[PDB]
Structures are given as structure tokens and as C-alpha cells.
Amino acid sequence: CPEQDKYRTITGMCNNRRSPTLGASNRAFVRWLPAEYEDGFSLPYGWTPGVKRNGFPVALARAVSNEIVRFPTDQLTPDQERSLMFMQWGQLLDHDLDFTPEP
């Protein structure tokens, strides 16, 4: 970790001099709340048939999408005060902040 620098490293390493991996790539996300897993440490809610979450059955993600999200495309409301550039910058910005790898 150098004492003086002019530019960022590529990995983000050394931006924070006391904890130099903070904000650096290929590290665990920070958690703002403790995780909630079916077994308390790894299995996701909905993994085991019949296992309730806080006294209630787990809703299928596809059922929630079908019942709450689904709407007729013809009904779409254009936003009078936002461009599609507002949507595109969001995804572009997201791609500067996080990418969660999969196997």
C-alpha cells in the first residue's frame, strides 16, 4: 500500500489505506442486515418444500410475477418527465458498481 499515489489502481485496492480491500474487486459484499436462510446459514427460503418462512408458506417467484407484475403491454404509461436515457444510465452505472458472479 503506497504512501503517496496520483491514480486509482484498477482493482480498487488501496483506495482505503486502513482496510485496503474496501471497495476493491472480487470481495464479499458488505451486509447491512444479518442474512436469512432456511437453515440459518446457507439454504435459501423456498429450497425445501413445506418449510415456512416466519409462519407463512414461501410464494413461488414466478407466481408473484404472474399475480403482481404482469400487465397488458398496450396499457403502458410513458413517463412525461423521464427519457429512456434515464433507464440506460441506470444500467450503465449499475455495471460500474456490482457484478455478482455465478458458477
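Numbering starts at 1 and runs along the sequence shown.
For the pair 30-38 and 44-52, the mean Cα B-factor is higher in 44-52. Sorting the modelled residues of the chain by their CA temperature factor places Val58 in the middle third. Sort the modelled residues of the chain by CA B factor and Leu22 lands in the lowest third.
Per-chain ranking of the deposited C-alpha B factor places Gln75 in the highest third.
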